[PDB]
Amino acid sequence: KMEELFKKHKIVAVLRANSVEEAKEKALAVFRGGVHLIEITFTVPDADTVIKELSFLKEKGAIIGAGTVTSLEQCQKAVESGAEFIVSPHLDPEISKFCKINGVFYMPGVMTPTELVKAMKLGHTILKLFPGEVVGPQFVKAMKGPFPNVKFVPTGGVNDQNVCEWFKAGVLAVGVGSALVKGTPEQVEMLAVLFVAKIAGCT
Amino acid sequence: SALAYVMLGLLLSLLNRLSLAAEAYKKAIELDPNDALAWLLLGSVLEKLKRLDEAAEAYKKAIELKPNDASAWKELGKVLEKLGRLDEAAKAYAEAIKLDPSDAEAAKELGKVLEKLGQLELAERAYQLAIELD
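About the thresholds
- Residues numbered from 1 in each chain as written, not as in the entry; some residues may be left out.
- Chains lettered and ligands numbered in written order.
- Heavy atoms only, no water.
- Helix = DSSP H or I, 4+ residues; strand = E, 2+ residues; numbered from the N terminus.
- Rg over C-alpha atoms; globule rule 2.2 N^0.38 Å.
- Buried < 20%, exposed > 50% of the residue type's maximum accessible area, 1.4 Å probe, protein only.
- Contact = heavy atoms within 4.5 Å.
- Areas by Shrake-Rupley, 256 points an atom, 1.4 Å probe, with all protein chains shown as cover.
- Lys, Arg positive; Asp, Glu negative; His and termini not counted.
- Charge placed at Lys NZ, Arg CZ, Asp CG, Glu CD.
- Disulfide = S-S within 2.5 Å.
- Axes fitted to C-alpha atoms, helices over the stretch in contact; angles between N-to-C directions.
- Parallel < 35°, antiparallel > 145°, perpendicular 65-115°, else oblique.
- Left-handed = near helix turned anticlockwise from the far one by under 90°.
- Pairing = 2+ DSSP bridges.

- Method of determination, as annotated in the archive: X-ray crystallography, at 4.00 Å resolution.

Next comes the structure, spelled out in structure tokens:
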């Protein structure tokens, strides 16, 4: 499944840009830096064209997907573009039905235990913890008891100083966005090889 | 005879007769152009002979043979940093860490190259990586 690919690369690049050409540059730098899970948010104008213009990286071994999906009609353009996973900052049940029928992996946004239960009843066991800068790694370690099946991929508050705290708490991967986006198309590649190293060094 | 000349260059390298050792490695290269050990040793001998421009060429020929030597990439970072290509050396130290994220020396030397190159934030993140390793 996509879960085994999340468990291997352990890092997802939440890419947010302003233009179409700006997004293709940062995705090339992130992939050259060792990160293979790239999340192209739909706040970028014409994000459905960036995903289909990065289709050559799927031959090089990259997993390009669509993130920050608010409406299901946005997920229509996301699936038709060629995205391999759909990511939303909130739990939208109608998007889960469309992704299940079309056969696309969907990771909803969850912040509370009740939002997790409602997402579990939809069949999801891999949830996005947004914003991680508010719940913290203590949240992941707290849900390990009552919900031993849920696997979190946080997005907020995941920096190099505490990237091992998330993993030693029990997360499946981490979604770094601000740190990887900031920088020139050559600083972005360097920021990736430094972040991949710290993740590999965590106990 | 391809291996014997490599052992000859190692012995000459033990007596500080480095220029004579470089001739021994070059003879093994002519016997077998694919001996990666002869190329890697020749680069480390020319590095101390301060033929840094020729030293980096032998290190590249060694990496071309065995492209997963964290020792060869890290040694190519030393030559390119002393030669003047600080941005090409940082890209070499990057490939060394891609192969071994536990190399405390490659992470420390990358932070020094980036600190002289400009990005203190990219250098500081590299400095903390090396400190946490050791």
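1. A few points about the overall build of chain B
Point 1. The secondary structure content of chain B amounts to eight helices and zero strands.
Point 2. Over its C-alpha trace chain B gives a radius of gyration of 16 Å, about what one expects of a compact globule, namely 14 Å for 134 residues.
Point 3. For chain B, the C-alpha atoms occupy an extent of roughly 50 × 25 × 25 Å along the three principal directions.
Point 4. The buried share among the 134 residues of chain B stands at 45%.
Point 5. Considering only residue pairs separated by 6 or more positions, chain B has 40% of its internal contacts joining residues 24 or more positions apart.
Point 6. Accessible surface, chain B as shown: approximately 7100 Å² in total, 52% of it carbon and sulfur.
Point 7. Side chains of chain B carry 19 positive and 24 negative charges; the gap between the two charge centres is 4 Å.

2. Describing the state of the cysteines
All names here are of chain A.
Point 1. Under the counting rule described, the total for this entry stands at one disulfide over all chains.
Point 2. A disulfide bridge connects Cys164 with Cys202, and the sulfur atoms are separated by 2.0 Å. Given an S-S torsion of about -80°, the disulfide between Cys164 and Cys202 has left-handed geometry. Placement of the pair is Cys164 in helix 9 (residues 163-169) and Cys202 in the segment after helix 11 (187-201), with a sequence separation of 38 residues.
Point 3. A relative accessible area of 16% places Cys202 in the buried class.
Point 4. No disulfide involves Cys75; its nearest neighbouring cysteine sulfur is the one of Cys99, lying 3.7 Å away.
Point 5. Residue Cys99 is classed as buried on the basis of its relative accessible area, which comes to 1%.

3. Quick word on the packing of helix 6 (residues 86-99) of chain B against helix 7 (residues 104-117) of chain B
All names here are of chain B.
Point 1. Axis separation between helix 6 and helix 7 bottoms out at 9 Å; the angle between their running directions is 155°. By the angle between their axes, helix 6 is roughly antiparallel relative to helix 7. In this structure, helix 6 crosses over helix 7, and the sense of that crossing is left-handed. The segment helix 6 lies against helix 7, with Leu86, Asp87, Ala90, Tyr93, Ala96 and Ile97 engaging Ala106, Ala107, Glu109, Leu110, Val113, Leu114, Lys116 and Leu117.

4. Notes on the sheet that holds strand 6 (residues 109-110) of chain A
Residue and element names in this part refer to chain A.
Point 1. Pairing within the open sheet is parallel, and its three strands lie in the order 6-7-8. Looking at strand neighbours, the two that pair on one side only are strand 6 and strand 8 (151-152), the edges of this open sheet.
Point 2. As paired elements, strand 6 and strand 7 (residues 126-129) share two bridges and run parallel to each other. Looking at strand 7, one finds that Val110 is bridged to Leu129.

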